[PDB]
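This report refers to the structure that appears directly beneath it.
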Amino acid sequence: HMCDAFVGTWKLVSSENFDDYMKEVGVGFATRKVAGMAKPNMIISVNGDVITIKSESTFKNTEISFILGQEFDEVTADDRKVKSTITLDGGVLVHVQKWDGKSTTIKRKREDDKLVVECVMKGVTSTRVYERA
Ligand SMILES: COCC1(c2nc(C3CCCC3)c(C)c(-c3ccc(F)cc3)c2-c2nnn[nH]2)CCCC1
């Protein structure tokens with residue numbers, strides 16, 4: 001499956017504008033500072049129709065499992081309770097989180113040997129780049 005290109009363990013190597021994205025989302029100062037220091041791993045695997053994405057870090061270990069197009073409840077690493085839907089659109093995993101009349105989108109793209117992750121909240125974008133670990 002086309003989704004195979006995502007499978008593996010990916011380690012954060014660069015981040016841009018993540019603090020301002022986090023402010024836009026509404027993340028509090030202490031969480032911004034501690035989460036911003038971390039170099040998480042993103043562990044993606046597929047079993048049948050179920051995709052699992054784990055985030056492992058000094059800050060928080062999180063895991064989501066989902067089927068594309070099927071909404072699920074997610075507690076985020078900043079402790080928001082959101083409703084999420086993940087789809088594949090033109091080779092990009094598109095993750096929408098909805099809560100309190102707000103929305104943020106996280107797009108995961110394979111580019112070269114990297115996983116490029118674009119996070120958008122209103123007018124504010126952050127890009128985070130992960131490489132195989
Ligand atoms: C909207 O979600 C964006 C992402 C994410 N969001 C957040 C919140 C702050 C903004 C709202 C959620 C946090 C704290 C982390 C995180 C987790 C552990 C950490 F140790 C550091 C940051 C991660 C993250 N997870 N994995 N890599 N970054 C970035 C790309 C992927 C998921």
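Start at 1 and count along the chain as shown; that gives each residue its number.
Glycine residues also receive a Cβ, built from the backbone N, Cα and C atoms like all the rest.
Copied over from Swiss-Prot, here are the features:
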MOD_RES   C3  N-acetylcysteine
MOD_RES   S14  phosphoserine
MOD_RES   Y21  phosphotyrosine
MOTIF     23-33  motif 'Nuclear localization signal'
BINDING   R128, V129, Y130  fatty acid binding site
Message = Using a 6 Å cut-off on Cβ distance, which of the recorded positions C3, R128, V129 come close to any atom of ligand 1?
response = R128
Key: Candidate nearest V129 (fatty acid binding site) in space, where candidates are the modified residues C3, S14, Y21 and distance is Cα-Cα   = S14
Additional residues around fatty acid, ordered along the sequence, whose Cβ is within 8 Å of the centroid of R128, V129, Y130 = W10, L12, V13, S14, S15, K114, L115, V116, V117, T127, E131
Query = Under DSSP, the motif 'Nuclear localization signal' (23-33) has how many residues in helix, strand and coil?
reply = 8 helix, 0 strand, 3 coil
Query = In which DSSP state, out of helix, strand and coil, do we find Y130 (fatty acid binding site)?
reply = strand
Task = Taking the Cβ of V129 (fatty acid binding site) as the centre, count every other Cβ atom within 10 Å, in any protein chain shown.
result = 15
Task = Tell me, in order along the sequence, which modified residues from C3, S14, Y21 have their CA within 10 Å of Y130 (fatty acid binding site).
result = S14
Note = For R128 (fatty acid binding site), the closest of the modified residues by C-alpha position, picking from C3, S14, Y21, is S14
Ask   = Could you state the CA-to-CA distance between the residue listed as 'phosphoserine' and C3 (N-acetylcysteine) to the nearest Å?
value = 23
Note = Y21 (phosphotyrosine) sits from the residue listed as 'N-acetylcysteine' (Cα to Cα, rounded, in Å) at a distance of 27
Query = Of these recorded positions, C3, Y21, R128, which scores lowest on Cβ atoms within 10 Å?
reply = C3
